[PDB]
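Below you'll find the structure, written out as structure tokens, and then a few comments.
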Amino acid sequence: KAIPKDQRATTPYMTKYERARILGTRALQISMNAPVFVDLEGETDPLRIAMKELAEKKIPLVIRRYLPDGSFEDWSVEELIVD
Amino acid sequence: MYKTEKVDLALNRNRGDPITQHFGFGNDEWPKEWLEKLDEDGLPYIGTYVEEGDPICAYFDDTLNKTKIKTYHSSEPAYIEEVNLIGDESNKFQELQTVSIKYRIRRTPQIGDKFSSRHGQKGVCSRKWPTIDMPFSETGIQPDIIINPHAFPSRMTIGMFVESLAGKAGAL
Amino acid sequence: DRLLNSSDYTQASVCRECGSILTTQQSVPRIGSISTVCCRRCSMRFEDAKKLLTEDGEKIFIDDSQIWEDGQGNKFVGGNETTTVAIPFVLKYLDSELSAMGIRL
Amino acid sequence: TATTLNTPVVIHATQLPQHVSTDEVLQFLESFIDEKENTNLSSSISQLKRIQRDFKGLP
Amino acid sequence: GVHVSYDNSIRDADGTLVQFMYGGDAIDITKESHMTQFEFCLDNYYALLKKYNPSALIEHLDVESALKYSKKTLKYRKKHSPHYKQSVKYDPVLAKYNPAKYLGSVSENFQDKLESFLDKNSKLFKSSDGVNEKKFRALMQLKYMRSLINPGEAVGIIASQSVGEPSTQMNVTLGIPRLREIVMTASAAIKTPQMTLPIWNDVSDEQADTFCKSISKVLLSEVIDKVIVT
Amino acid sequence: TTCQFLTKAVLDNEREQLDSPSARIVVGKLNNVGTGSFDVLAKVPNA
Amino acid sequence: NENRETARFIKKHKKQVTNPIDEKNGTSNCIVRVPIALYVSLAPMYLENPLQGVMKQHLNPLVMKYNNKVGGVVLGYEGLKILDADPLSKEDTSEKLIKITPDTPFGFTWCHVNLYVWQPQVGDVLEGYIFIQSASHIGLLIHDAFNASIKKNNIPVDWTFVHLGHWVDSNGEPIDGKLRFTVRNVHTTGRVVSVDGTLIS
Amino acid sequence: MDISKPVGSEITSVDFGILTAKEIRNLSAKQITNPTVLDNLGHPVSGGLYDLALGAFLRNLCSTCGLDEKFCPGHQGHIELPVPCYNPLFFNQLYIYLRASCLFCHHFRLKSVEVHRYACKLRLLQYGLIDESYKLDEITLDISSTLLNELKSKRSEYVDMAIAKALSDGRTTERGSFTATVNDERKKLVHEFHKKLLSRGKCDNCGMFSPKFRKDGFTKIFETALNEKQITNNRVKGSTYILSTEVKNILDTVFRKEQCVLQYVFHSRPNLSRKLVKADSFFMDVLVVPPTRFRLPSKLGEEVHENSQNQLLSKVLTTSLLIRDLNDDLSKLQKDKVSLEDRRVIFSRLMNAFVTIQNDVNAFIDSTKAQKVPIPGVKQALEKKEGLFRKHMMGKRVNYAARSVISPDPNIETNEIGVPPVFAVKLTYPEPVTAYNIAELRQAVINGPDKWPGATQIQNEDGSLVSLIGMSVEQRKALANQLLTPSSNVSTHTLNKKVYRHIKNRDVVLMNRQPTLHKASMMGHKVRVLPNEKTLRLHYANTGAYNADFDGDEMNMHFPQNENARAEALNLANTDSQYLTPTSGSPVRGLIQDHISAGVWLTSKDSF
Amino acid sequence: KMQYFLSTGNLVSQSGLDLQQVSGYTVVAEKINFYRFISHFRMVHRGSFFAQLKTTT
RNA sequence: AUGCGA
Ligand SMILES: [Zn+2]
Ligand SMILES: [Zn+2]
Ligand SMILES: [Zn+2]
């Protein structure tokens, strides 16, 4: 199943669905005391905090894009063009 | 709005025998605050303010040796309007086990309540505009109801236009 | 979230050796023994248990009818809607079964 | 104390266990306990030290 | 079950491939509206250049491969601009490159419309502030890639609602019975079976009406005037 | 005709591969469409 | 046929090892090292101590505790290995990746570890320091860790009482300190575990 | 759902398959034999339908699990059916396969080598090798047994080649090959197969004359006589009712004699399980007993109405006990009683009683197979029309939901919804407490359940719930100074407290109208509690997407309980993501009536 | 029996009186509004059997 | 079920 990184063929961009899930899951983790790598800067909503983390790509998450075969491409936040 | 209740206790009847519930008390252990609504006969004072959860009557069943109550279940408070004692169609039943209690629930005009003219042009009241904020005529009045004009062009409720001009003439 | 997690979300017992959520039962505890999850299919009758051709020691668990079984200790818990369990309820009449697949086996 | 948040779903060995010698056992014990000193398990570690002491000769 | 695969192919939630592309472009309807309004985009060119500035992204993709296929295929296709055993020497650029990865892999219909606009505005290109069909065309290509449907879209459902919902506003069977007769039952016996016949340019209108009479069925009853049985 | 399809399934000894979104809801599974079309992992420090 | 399935019972319920008496004068090597694979949860709070997370969460509470699966009390762990969620990783990354559930911030991971477990069996010869002497048992403590008791019934009647009194050996002198016995049974159905010993076999 | 209670054993697929009476007997929590239900006007009948083995009751723990009704998941008993019933669901099946056999040889009419052709094709269709399945047709040659064995040899060789190819190419797997077209090719094949099975109007493999098979409809099959032309043809080859038992005993033997093909005949995919194909699959030697828990009487507040399962099942116990009594009659009977034809009537008890009980099991299966508005059976269960699957599975009631008459409001945002404070105090969020939200949640507790951005309840990390519904401001004050307490149990050290805060001005809520006609009718709005309201407040720009009008229209408000669903309500369902319809991309949302005419008046060049 | 029939509209007879339905013959007077109360006696029904038909003629 | 907001 491992798609070689040099061999990864998918969209360089984060989908709206990709973006949404990333921010939701990461926010929820922050809400479970995942270490914040950025200034809380007053915020109290973990979702807006995760929004800040997406703005800095500090998120340490990877998207596993599945193909109906089952092979997938694991992509970091720090590379898939957010917008 | 009036809501009527039938409190029947002859549904389980079956040979007087074990019939045992009488509106009132026996164990004393009941919260004496139930008197705050119910007379020592188990029926509320006609006029009483009641809110959901308050006891609607009080009775005593020997099997439980307890003063039990039928609770009031509603979304809003009411007042007890009538308490009616029914021994009727009965053979004896002198213990007055069936009572019909009528509640008076007030209905204030409120946002979302539907209103309609004599033209089937129904609409809810979106808000209760302060009188100062209403528009005032040079006659020194501000309307009771404001209806938007753009409602008429689809409905062709022109009977409403004439009703306005005739009711105004007929009042003047 | 709406049609499941915020409605009838239930963590239900399933037999890791049977793949069913209706053979599961709590094994009976004792003053020194707790209740343990057992799969009815995954247990041997203590009256039989290969006794004619045959123990580990700690695989006998007891039913509320105080009956000992050996095995049945291979069931786990999984999140589903409870109506799903209602399906086995009908299914056992229906004469079929779920082979509920899952993790390491 | 009943669920996953503390206990693994499943545990399986990938080889048949290996009969660590008394000396290998003792080296494991001392290295493990020593690494551990650097939480009620500490009391069991004290018991492990007693085992160590019993694996040392005398309680 | 019908959704967008990550490969831009339309597969069902089974995985069975339904279409190799959404409408063959992977374009979002909710994007298209100005994707074909070139002149408007131009009058507000600098603003969209400020939105989609490519210099951030020109490092992540190829700006030639699709453009090069566009050059050989657009040339040979303009050479072969009969449908049949036509020049196969070039599938569409969408066949050869993920249109999401090499800017320029776009429908030849869209490509054609863009170039034809750029040609019909060479005077606007002698009117433009300082944009060119390669920098402006490059920008519009970037709009096209950035207008593509995201992987995973529930496009089956989207289809179903876009056919159902407007069907509430609703010689041959029309309306809802017609839509049901096709989509819902696929009945092999239409209520109003028709066959349309193109008549040759040379076919006179009078000859054509003659043919219309000449083909229609004639029942024996249809000619009978009176029947007396004694 | 749920039961008729059931009959055809059992008689086949059928196995549901649990891909259908409807089926997936029935079994209380993250829908495979859209945001459930993919997986999310985390990069975690190894030291 | 019903004997294939009994082959399933015997071959599935077989036991791996018979830990022998060290030198046949010590105790059985019931302590063994076995490489295993466990499936544990990782909280977000251990995202900066993930191997230590696994320890504090699952591995730390398991030590000095009986495991039904291993058949004993976990004596310690060796060689933890997190199974990487991604191939072609040369097998080392200053940071790892793990699959997160599709529902919660919680992670689930594979771990590989060798366990040091005390895996005693019936027949093992053990020595203990006399803990107690009651008219139905003698309490002893193996290695200062494992409770052991030999009930009067499992002791030879040729043993002698001296009045909780004081048992006197079969030779005619009271027992003292350490005792060598054969293991009749180990009781682990209670809160912890009690090993049933015998002096008559 | 709670994030505080994860699971990591998700189900990955669902296998279907027949139960087995031996499986039921071994797993069965009890045999129920007693047609009694209650005793002493109030007690659970021993070994009856309301035995505690079927779950907990009256503080009696489930006698199979010892668990209370609020804890005991309940357990399913079983009935050892005195007589083997026909499966209604396979009654058409068992009938077909009954007519397809040979009755004097007990083989199937159709050519043994032709059968072998069927086994081959169906094996190729487990792996879905369709082109190869047709490529089998190419195998070609009074036909000797050595020659028919040569066709079986060549055909098995073809299986071996198609196998070696398919495993070499990885073009399938041990688990088979399954696709919509492959499924279709199987259903088609099974059709032609059934046509060949039906074609034999006398035996070919054995030449024997099978009887014509008749049926009553749902409880009896009879075995028709033959014609003296066919009977004497039987000489050269030298309607009566039959029991389910005889059918079972014969058809088992057929299943042994024709098992070799039937292994792939009875599976659409490779039978990894080496499952014997047993005739007992269409017959029921036993019946299970569902938990009473889901068989509980319809008691609504006080009224207890008998269960239709309890009633029909009681019919099974009565009829079965009568037949058990007939077996008592055989026992009373059968010493010898050489000439007592007095059993001829008891024999009416056997035939009539047996068909009757069997029929009654049928009726308990499907109401539409018995002989008035009868109690519904399981088939008129989750299926048919709305049912369970449609009315309680594919759509359900949900918590955290509201319904209200919608009211316009231009002063709110166009993407928000003005919620009247009854909802602001009656909708909660399961808030994990942190160092960053301690202030806000401590305050919400301070407010208590009866105040603004408040919180009704607090669930500790220990799992326990503490409701603030009736706690005094002082005690809630104490928890505010306790909201940040340390860990307490290594069992719980990883968790943090939760606060059920009221919905507030930073939460998103999913507003959905009535005409769910399209996804644009159910969007995410940013919650804005408006003071002194009682009605759901909505901006005009949205009403043409809901197709809504304040005429009296009602809307449902959903409050999602999960950060992934929140993130969706901030990113996917939001009004702005619905600027256009996907149907056409004509944007949809805009101002209306009064705002349009206002633009016309303001926008006059004459307006200064 | 006439209380039952009048309280249910469950018309049963050995001929069925030649009428297209066996329900609906009895109605709640709904004295909720003078308009509604008087309107009840000026209501006439074409019958339920034509209500079940899919056509509209 | 009927009626109902519609
Ligand atoms: Zn099992
Ligand atoms: Zn139970
Ligand atoms: Zn035959």
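Simple scheme: letters A, B, ... for chains in structure tokens order, numbers from 1 for residues in each chain, numbers from 1 for ligands in the order shown.
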**Asked** Would you name the residues within 10 Å of ligand 2, counting only C-alpha atoms (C1' of nucleotides) and all ligand atoms, and put them as a count of residues only?
**Response** 31
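Around ligand 1, the neighbouring residues within 9 Å, taking only C-alpha atoms (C1' of nucleotides) and all ligand atoms, come to residues 14, 15, 16, 17, 18, 19, 20, 21, 23, 24, 38, 39, 40, 41, 42, 43, 72, 74 and 75 of chain C; 27 of chain H.
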**Request:** At a cut-off of 8 Å, list the chain C residues touching chain H, using only C-alpha atoms, as a ChimeraX atom specification.
**Result:** /C:1-7,9-10,22-23,25-28,40-41,63-65,76-79,83,86,89-90,92-93,95-103
Residues of the last selection are to be written out with N, CA and C atoms, as a JSON list (two decimals), in the first residue's frame.
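This went into again-v3.json:
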```
[["chain", "number", "residue", "atom", "x", "y", "z"],
["C", 1, "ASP", "N", -22.24, 12.16, 13.88],
["C", 1, "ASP", "CA", -22.46, 12.79, 15.17],
["C", 1, "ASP", "C", -23.93, 12.87, 15.48],
["C", 2, "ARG", "N", -24.74, 13.23, 14.49],
["C", 2, "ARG", "CA", -26.16, 13.37, 14.72],
["C", 2, "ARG", "C", -26.82, 12.00, 14.76],
["C", 3, "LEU", "N", -26.72, 11.26, 13.66],
["C", 3, "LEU", "CA", -27.51, 10.04, 13.60],
["C", 3, "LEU", "C", -26.95, 8.93, 14.45],
["C", 4, "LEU", "N", -25.79, 9.11, 15.07],
["C", 4, "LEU", "CA", -25.26, 8.05, 15.91],
["C", 4, "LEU", "C", -24.78, 8.59, 17.24],
["C", 5, "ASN", "N", -23.64, 9.27, 17.19],
["C", 5, "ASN", "CA", -22.91, 9.64, 18.40],
["C", 5, "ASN", "C", -23.79, 10.37, 19.39],
["C", 6, "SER", "N", -24.72, 11.18, 18.89],
["C", 6, "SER", "CA", -25.59, 11.99, 19.73],
["C", 6, "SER", "C", -26.98, 11.40, 19.86],
["C", 7, "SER", "N", -27.15, 10.13, 19.50],
["C", 7, "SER", "CA", -28.46, 9.52, 19.64],
["C", 7, "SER", "C", -28.46, 8.26, 20.49],
["C", 9, "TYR", "N", -25.71, 5.95, 20.62],
["C", 9, "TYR", "CA", -24.37, 5.39, 20.65],
["C", 9, "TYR", "C", -24.20, 4.49, 21.86],
["C", 10, "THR", "N", -23.85, 3.23, 21.61],
["C", 10, "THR", "CA", -23.71, 2.22, 22.65],
["C", 10, "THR", "C", -22.42, 1.43, 22.42],
["C", 22, "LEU", "N", -24.41, -10.93, 20.64],
["C", 22, "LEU", "CA", -25.53, -11.48, 21.38],
["C", 22, "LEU", "C", -25.17, -12.77, 22.08],
["C", 23, "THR", "N", -24.00, -13.34, 21.80],
["C", 23, "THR", "CA", -23.49, -14.45, 22.58],
["C", 23, "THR", "C", -22.76, -13.93, 23.81],
["C", 25, "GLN", "N", -21.84, -12.27, 27.27],
["C", 25, "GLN", "CA", -22.46, -12.21, 28.58],
["C", 25, "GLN", "C", -21.38, -11.83, 29.57],
["C", 26, "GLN", "N", -21.82, -11.25, 30.68],
["C", 26, "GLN", "CA", -20.92, -11.05, 31.80],
["C", 26, "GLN", "C", -20.80, -12.35, 32.58],
["C", 27, "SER", "N", -19.58, -12.83, 32.76],
["C", 27, "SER", "CA", -19.38, -13.99, 33.61],
["C", 27, "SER", "C", -19.57, -13.56, 35.05],
["C", 28, "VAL", "N", -19.97, -14.49, 35.89],
["C", 28, "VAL", "CA", -20.35, -14.07, 37.23],
["C", 28, "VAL", "C", -19.11, -13.87, 38.10],
["C", 40, "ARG", "N", -20.68, -16.96, 24.70],
["C", 40, "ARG", "CA", -21.28, -18.27, 24.95],
["C", 40, "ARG", "C", -20.79, -19.27, 23.92],
["C", 41, "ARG", "N", -20.57, -18.84, 22.69],
["C", 41, "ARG", "CA", -20.12, -19.82, 21.71],
["C", 41, "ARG", "C", -18.71, -20.21, 22.05],
["C", 63, "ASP", "N", -22.00, -18.64, 34.99],
["C", 63, "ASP", "CA", -23.25, -18.05, 34.55],
["C", 63, "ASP", "C", -24.13, -17.74, 35.74],
["C", 64, "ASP", "N", -25.07, -16.82, 35.53],
["C", 64, "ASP", "CA", -25.99, -16.49, 36.61],
["C", 64, "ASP", "C", -26.75, -17.72, 37.05],
["C", 65, "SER", "N", -26.82, -18.75, 36.21],
["C", 65, "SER", "CA", -27.32, -20.04, 36.63],
["C", 65, "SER", "C", -26.25, -20.84, 37.36],
["C", 76, "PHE", "N", -14.86, -8.83, 23.19],
["C", 76, "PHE", "CA", -14.48, -7.45, 23.46],
["C", 76, "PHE", "C", -15.68, -6.54, 23.21],
["C", 77, "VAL", "N", -15.49, -5.22, 23.27],
["C", 77, "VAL", "CA", -16.57, -4.26, 23.17],
["C", 77, "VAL", "C", -16.31, -3.27, 22.04],
["C", 78, "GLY", "N", -17.36, -2.93, 21.31],
["C", 78, "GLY", "CA", -17.23, -2.13, 20.11],
["C", 78, "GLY", "C", -18.40, -1.17, 20.06],
["C", 79, "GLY", "N", -18.16, -0.01, 19.46],
["C", 79, "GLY", "CA", -19.22, 0.98, 19.39],
["C", 79, "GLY", "C", -20.16, 0.87, 18.21],
["C", 83, "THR", "N", -29.85, -0.20, 18.22],
["C", 83, "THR", "CA", -30.76, -0.87, 17.30],
["C", 83, "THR", "C", -30.04, -1.97, 16.55],
["C", 86, "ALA", "N", -30.58, -4.71, 18.24],
["C", 86, "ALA", "CA", -31.95, -5.13, 18.03],
["C", 86, "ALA", "C", -32.05, -6.03, 16.82],
["C", 89, "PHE", "N", -31.42, -9.56, 17.62],
["C", 89, "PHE", "CA", -32.60, -9.98, 18.35],
["C", 89, "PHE", "C", -33.58, -10.64, 17.38],
["C", 90, "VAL", "N", -33.90, -9.96, 16.29],
["C", 90, "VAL", "CA", -34.76, -10.53, 15.26],
["C", 90, "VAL", "C", -34.05, -11.65, 14.50],
["C", 92, "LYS", "N", -31.92, -13.93, 15.27],
["C", 92, "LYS", "CA", -31.81, -15.27, 15.80],
["C", 92, "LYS", "C", -33.06, -16.04, 15.45],
["C", 93, "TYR", "N", -34.20, -15.35, 15.47],
["C", 93, "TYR", "CA", -35.38, -15.86, 14.80],
["C", 93, "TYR", "C", -35.13, -16.03, 13.32],
["C", 95, "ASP", "N", -32.40, -16.74, 11.88],
["C", 95, "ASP", "CA", -31.61, -17.90, 11.48],
["C", 95, "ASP", "C", -30.31, -17.53, 10.78],
["C", 96, "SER", "N", -29.76, -16.36, 11.09],
["C", 96, "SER", "CA", -28.56, -15.88, 10.43],
["C", 96, "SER", "C", -27.62, -15.31, 11.48],
["C", 97, "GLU", "N", -26.51, -14.74, 11.02],
["C", 97, "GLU", "CA", -25.57, -14.17, 11.97],
["C", 97, "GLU", "C", -24.68, -13.11, 11.33],
["C", 98, "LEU", "N", -24.11, -12.29, 12.21],
["C", 98, "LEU", "CA", -23.08, -11.32, 11.89],
["C", 98, "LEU", "C", -21.73, -11.95, 12.14],
["C", 99, "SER", "N", -20.85, -11.93, 11.15],
["C", 99, "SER", "CA", -19.46, -12.23, 11.48],
["C", 99, "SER", "C", -18.80, -10.87, 11.55],
["C", 100, "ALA", "N", -18.88, -10.26, 12.73],
["C", 100, "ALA", "CA", -18.41, -8.90, 12.92],
["C", 100, "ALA", "C", -16.89, -8.94, 12.95],
["C", 101, "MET", "N", -16.27, -8.58, 11.84],
["C", 101, "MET", "CA", -14.82, -8.59, 11.79],
["C", 101, "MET", "C", -14.22, -7.50, 12.68],
["C", 102, "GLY", "N", -12.95, -7.67, 13.00],
["C", 102, "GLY", "CA", -12.24, -6.70, 13.83],
["C", 102, "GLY", "C", -10.78, -7.08, 13.92],
["C", 103, "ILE", "N", -10.04, -6.15, 14.53],
["C", 103, "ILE", "CA", -8.60, -6.19, 14.76],
["C", 103, "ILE", "C", -7.90, -7.54, 14.72]]
```
**Prompt:** Which residues come within 9 Å of stretch 23-28 of chain G, counting only C-alpha atoms (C1' of nucleotides), excluding same-chain residues fewer than 4 positions away, as a PyMOL selection string?
**Reply:** chain G and resi 18-19+119-121+123-127
**Request:** Calculate how many Å separate atom CA of residue E:97 from atom CA of residue A:19, rounding to one decimal.
**Result:**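 So the answer is 24.6 Å.
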**Request:** Residues up to 6 Å from ligand 3, counting only C-alpha atoms (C1' of nucleotides) and all ligand atoms: could you list those as a list in words?
**Result:** residues 102, 105, 106, 107, 108, 109, 203, 205, 206 and 208 of chain H
**Prompt:** Could you pull out all residues of stretch 1-167 of chain B with a DSSP call of strand (DSSP E or B) and give them as a PyMOL selection string?
**Reply:** chain B and resi 2-7+22+38+44+49-50+52+54-61+66-71+78-86+98-104+114-116+122-124
**Request:** Pull out every residue of chain G sitting within 8 Å of chain H, counting only C-alpha atoms, and send them as a PyMOL selection string.
**Result:** chain G and resi 43+45+101+103-106+108
